[PDB]
């Protein structure tokens, strides 16, 4: 089970889970002014979401949950997960956001859609903070897994027995990931004092990621989607997989 993993096994499993880096799909022989920025981002987000499900399935402990709870966690966290990936990808590109290898964007190109230069600035600032902390790949994957498990864990509908057991499992997995982060820092030579301080610094950045996600969602809710099937239904279909292709 998830709960019996060692730290090294946890880090291995998260590293092995990582999604691919996708490309934005645009005709590179076309004038950039012809492209809808929000169209490009929307299309990339949609493609990434499929791969996010696959990742989430390989995060230790996630598939032990109910499909309803898997959906709730992802519905809560999907923008935060996208954002932390972006910030990670952008760390070695000061002043820009690497949305994809062919879509590296600066502040000014943020000014296309209204509201978004604000968000862009907040993401660049986060990438800068990670650069300054020298965030490691191994710490990044722990943090992105924390988002997935933590973001929606306070907003379950119920205190039924099953819901109680699900929450308890989530918290125990999160406790394992904290242990792993501390293990990594201890292994890198940090003092115990430095370990707890860094743990706090990293977890407090997750509050800023939540903030950024909320402000993004505030824009996305503001202008009607594609008379969509609800995101929760789309998630259920991707997650509610059959075993026929085994």
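Numbering follows the first chain given and starts at 1.
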| property | result |
| --- | --- |
| Between 224 to 232 and 10 to 18 (mean CA B-factor, as deposited), the higher | 224 to 232 |
| Comparing 25 to 33 with 202 to 210, the one whose average Cα B-factor in the PDB entry is higher | 25 to 33 |
| Out of 138, 114, 166, 75, residue topping the C-alpha B-factor column of the entry | 114 |
| Most elevated Cα B-factor in the entry, residues 40, 52, 192, 181 | 192 |
| CA B-factor placement of residue 130, once the chain's modelled residues are sorted into thirds | middle |
| Within-chain third of residue 107 by Cα B-factor, per the entry | highest |
| Residue 92, C-alpha B-factor rank within chain (lowest, middle or highest third) | highest |
| For residue 185, the third of its chain into which the C-alpha B factor falls | middle |
| Record-listed C-alpha B factor of residue 158: chain third | highest |
